[PDB]
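Commentary on secondary and tertiary structure
The primary structure of each chain is shown beneath.
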Amino acid sequence: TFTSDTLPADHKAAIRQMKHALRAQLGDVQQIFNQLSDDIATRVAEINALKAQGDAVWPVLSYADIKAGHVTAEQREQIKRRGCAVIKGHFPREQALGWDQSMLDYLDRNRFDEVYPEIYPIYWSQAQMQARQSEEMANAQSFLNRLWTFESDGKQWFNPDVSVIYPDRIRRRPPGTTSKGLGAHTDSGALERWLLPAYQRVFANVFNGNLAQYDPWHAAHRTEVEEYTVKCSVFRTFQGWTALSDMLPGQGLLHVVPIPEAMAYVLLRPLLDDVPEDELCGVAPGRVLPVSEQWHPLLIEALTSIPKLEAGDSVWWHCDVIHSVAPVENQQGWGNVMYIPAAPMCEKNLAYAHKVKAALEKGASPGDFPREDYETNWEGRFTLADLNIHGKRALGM
């Protein structure tokens, strides 16, 4: 047919056959697209009404409620409707600020300046690993993972109560920073969204025109997705990060299209009649899937900034959620973040977990990132001996 488990040799030819196949399957894609657009528009309307009232768009939950298990059904519903969430006070402010200073002292101790939106190529600081295997992070990941329908029919697609250690970096942006930011896009695959057999199953109700039956919270088959090698090696239910510093409004902040089903619009857009044969509305090999005003005006107008944050808060967004980082000139305040996602245990993530453990043991850069291995001979590094039981399970040990 047109699907391919790995990068097709001639991606343009594969794209042309996929369009012919799916357009035939859809029958009247334009009509389907208009209805989906109207539905998405109801959400955009809700969002603008909230913004007009100065009301919060991003769902806001207190970590206190997550910890006590007192998040209401209405709150859970809201997160599922918006596809994102802010966890207030996930970690006390002084703990998050302490982590930031701890990592700086770690860098000084190992003379980083002599051996080396500045993204730090460090992964094994005490702060990073302790935050990752903390009871607070575990409670958050479990809660978020459970917003998904992970058990479908007679199969459990993933363990929502155990998330794998996904070693990532930290980003520090001091006052005065001027950055272009990052254009709107989605991760977890680009061309794969259309050509990967697994994604054809995930988005079956999108490509067959039964949008009413498409549920972005249905986990089935997402765990079978393997991004092309031209990259993320794990299945994430939510991307996310913890604020290491307070973050002020308008200062080049994270924005998202708080509509998880927006991906359906993205998937059908290239199938309309104003799209060149070979083109996929900006999608290109080895690049993140872009979302623009040119191809997705309805979606771009829904981009919504995170609200003001205090160090210790954490923000999360569904794996299909479109996000960006607005540009900033002469940034006020700091913009420090520690990236920590939610990747529930499953065959795919267990395979990466074994690799993570080996990298940790050596203090080397994780496979998904550039091979810099700065920490291989650093002192004060988090080691296997520092792992608590939760950390061990998160590493498939």
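Residues numbered from 1 in each chain as written, not as in the entry; some residues may be left out. Heavy atoms only, no water.

Its PDB header attributes the entry to X-ray crystallography and lists the resolution as 2.05 Å.

Tracing the backbone shows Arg193 in helix α9 (residues 192–195). Here the side chain of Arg193 touches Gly189 through a polar contact of 3.4 Å, landing on its backbone oxygen. Here the side chain of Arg193 touches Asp320 through a polar contact of 2.6 Å, side chain to side chain. With near-sequence residues (within four places) excluded, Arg193 lies in contact with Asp187, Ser188, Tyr199, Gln200, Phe203, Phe207, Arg222, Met263, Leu267, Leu289, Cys319 and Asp320. (Helix = DSSP H or I, 4+ residues; strand = E, 2+ residues; numbered from the N terminus. Polar contact = N/O pair within 3.5 Å; in protein donor to acceptor, adjacent residues only side chain to side chain. Contact = heavy atoms within 4.5 Å.)

Moving on, we come to the side chain of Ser4. One can find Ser4 in the segment before α1 (11–26). Of the residues examined, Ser4 reaches a relative accessible area of 17% and is grouped as buried. In contact with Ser4, other than residues within four places in its own chain, are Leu195, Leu196, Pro197 and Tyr228. (Buried < 20%, exposed > 50% of the residue type's maximum accessible area, 1.4 Å probe, protein only.)

Below, the discussion takes up the sheet that holds strand β8 (residues 182–186). Read across the open sheet, the five strands follow the order β11-β8-β14-β10-β12; overall the sheet is antiparallel. Both outer strands of the open sheet, β11 (289–290) and β12 (304–305), are each paired with one neighbouring strand and no more. Sheet topology note: the strand β10 (residues 254–256)/β12 ladder contains two bridges and is antiparallel. When the sheet's bridge partners are listed, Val256 is paired in β12 with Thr304. (Pairing = 2+ DSSP bridges.)

The next subject is the pattern of salt bridges. As enumerated under the stated definition, the model contains 15 salt bridges in all. Several salt bridges converge on common partners, so that one network encompasses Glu46, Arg81 and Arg82. (Salt bridge = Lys/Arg side-chain N within 4 Å of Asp/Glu carboxyl O.)

Side chains of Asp105, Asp108, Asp113 and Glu114 sit close together on the surface and give a patch of like negative charge. Of all the secondary structure elements, the ones that give two or more residues to the negative patch are α5 (93–109) and α6 (112–115). Among the structural elements, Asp113 can be located in helix α6. Residue classification places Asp113 among the exposed residues on the basis of a relative accessible area of 69%. (Patch = residues over 30% accessible without salt bridge, like charges linked within 9 Å, V, L, I, M, F, W, Y side chains within 5 Å. Areas by Shrake-Rupley, 256 points an atom, 1.4 Å probe, with all protein chains shown as cover. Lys, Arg positive; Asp, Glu negative; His and termini not counted. Charge placed at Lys NZ, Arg CZ, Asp CG, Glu CD.)

Between its terminal C-alpha atoms α1 stretches 22 Å, which fits the 22 Å expected from 16 residues at 1.5 Å a residue. Listing the buried residues of α1 in full gives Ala14, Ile15, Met18, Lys19, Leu22 and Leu26. Taken down its axis, α1 places every buried residue within 140° of arc, on the same side. What points out from α1, more than 90 degrees from its buried face, is the exposed set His20 and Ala24. (Expected span 1.5 Å × (residues − 1). Arc of directions from axis to C-beta.)

A water-sized probe, rolled over the atoms, reveals where empty space remains. Counted as a void, the largest cavity has a volume near 70 Å³. If you trace the largest cavity, you find it lined by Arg132, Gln133, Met137, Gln141, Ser163, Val164, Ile165, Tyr166, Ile340, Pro341, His390 and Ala394. Partitioning the lining of the largest cavity into residue classes produces seven nonpolar, four polar and one charged. Roughly 60 Å³ of volume is contained in the second largest cavity. Lining of the second largest cavity is provided by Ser188, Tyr199, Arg222, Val225, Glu227, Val234, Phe235, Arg236, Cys319 and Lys348. (1 Å grid on protein atoms, 1.4 Å probe; cavity = no way out; pocket = protein on both sides within 12 Å on 5 of 7 lines; lining within 4 Å. Points joined across faces, edges and corners; volume = space filled by probe spheres on them. Nonpolar A, V, L, I, M, F, W, Y, C, P; charged D, E, K, R; others polar.)

For helix α14 (residues 347–362), with 16 residues, the first-to-last C-alpha span of 24 Å sits near the 22 Å given by 1.5 Å per residue. Residues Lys348, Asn349, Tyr352, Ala353, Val356, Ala359 and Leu360 constitute the buried set of α14. Seen from one end, α14 has its buried residues packed into an arc of 125°, which puts them on one side. Exposed side chains of α14 directed beyond 90 degrees from the buried face belong to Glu347, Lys355 and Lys362. At the C-terminal side of α14, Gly363 shows a positive phi close to 80°.

Right, let's get into the sheet that holds strand β1 (residues 60–62). The strand order across the open sheet built from seven strands is β1-β2-β13-β9-β15-β7-β3, with neighbouring strands paired in mixed fashion. Because the sheet does not close on itself, it has two edges, and the strands there are β1 and β3 (118–120). Shown here is a sheet whose adjacent strand axes are inclined to one another by a mean of 25°, direction ignored. With three bridges connecting them, strand β9 (residues 238–243) and strand β15 (residues 337–339) associate as antiparallel partners. Across the sheet, residue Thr242 finds its bridge partner in β15, namely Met338. Its contacts with the sheet put α5 on β3, β7 (170–172), β9 and β15, and the angle it makes with β7 is roughly 95°. (Axes fitted to C-alpha atoms, helices over the stretch in contact; angles between N-to-C directions.)

Across two bridges, the pairing between β8 and strand β14 (residues 323–325) is antiparallel. Residue pairing across strands places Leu182 opposite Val325, the latter belonging to β14. Across two bridges, the pairing between β8 and β11 is antiparallel. When the sheet's bridge partners are listed, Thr186 is paired in β11 with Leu289.

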